[PDB]
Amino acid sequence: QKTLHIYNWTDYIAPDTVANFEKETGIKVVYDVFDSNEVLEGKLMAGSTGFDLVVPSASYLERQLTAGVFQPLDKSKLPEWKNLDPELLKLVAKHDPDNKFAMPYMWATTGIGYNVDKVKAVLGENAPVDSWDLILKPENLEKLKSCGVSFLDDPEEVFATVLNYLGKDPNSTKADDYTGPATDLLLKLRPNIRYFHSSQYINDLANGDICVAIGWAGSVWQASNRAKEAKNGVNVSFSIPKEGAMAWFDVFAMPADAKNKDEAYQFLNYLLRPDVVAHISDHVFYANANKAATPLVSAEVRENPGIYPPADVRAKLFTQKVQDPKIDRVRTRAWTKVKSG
């Protein structure tokens, strides 16, 4: 008997991906889900997780690669590795030099999800839905306050987003940038933010309970699709703003103590087949990292510039740099101060 234990994000695979794989290979898949980088990272650090494959964000690889939790990927066992987009491989390679440990899986940005109808009512037909001004100017948040404003509970992405908006380095290594100008703007915005949460905005957007959110691209598009399936007339859309946004990448990695390496490699190469990962993108509304798969993705998804951004939008994206622990601790304390007062 052959078995394979996978640990992936919630809502990050198609409903029949595992079943198709099991039909094709005869391998028993045990599939478990998390919904936070810290829950996965806290299992990885305790060791002996029992997982053969896990899906961390690329920025979390650097911290974990120095701890020696993953083992290098045998490229010869992945003949379809050549299907991966080389540009995405280079961006992930900033956290994983020579792409030794991680296979790019899906990627997206952190932008603005919003209720199209609610925003136009409150802010007029010319609401700045293409700008962070929509959610980072107090004058606007005061108007959108009553219809619901939410921010991610993510100090790394929110501070980077605020810094970029103010004209600073999105990955500034200067402590005063976080406690000074970034905290000032966040404190001005705070009284108009209903909550800081990294998943409640999804269903809230879909149901009409909040009208604007800082959120992950594919999760906002899932909320938009949920409202469409529910036939509730709620029109959710998503915006990568003109000032740029953070792009991030989730990757498959193999723990060093994985018991089913052969089966793990079979599943990776399975994912590299163009139709397998195109099918996932169709259902989760995230762009996969496979360049051969792109034309196979449904037109509604691949021609959506908020999922597959064109070259001009990609040029405005920035990525997460791993900060020195000194700056991590400054970020956490300031975030706590922002969320309270």
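Numbers follow the displayed sequence, beginning with 1.
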For the stretches 177-185 and 106-114, which has the higher mean C-alpha B-factor as given in the deposited record?
177-185
Quick one: say whether 10-18 or 328-336 has the higher mean Cα B-factor in the deposited entry.
328-336
Going by the CA temperature factor in the entry, name the top one among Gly218, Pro241, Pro138, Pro155.
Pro138
Of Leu84, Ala206, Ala121, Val149, which one's C-alpha B factor is largest in the deposited record?
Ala121
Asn232's Cα B-factor: lowest, middle or highest third of the chain?
highest
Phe51 by Cα B-factor - lowest, middle or highest third of the modelled chain:
middle
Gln222's Cα B-factor: lowest, middle or highest third of the chain?
lowest
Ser281: C-alpha B-factor third of its chain, per the entry, is the lowest
Going by the recorded CA B-factors, say which third of the chain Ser57 sits in, lowest, middle or highest.
middle
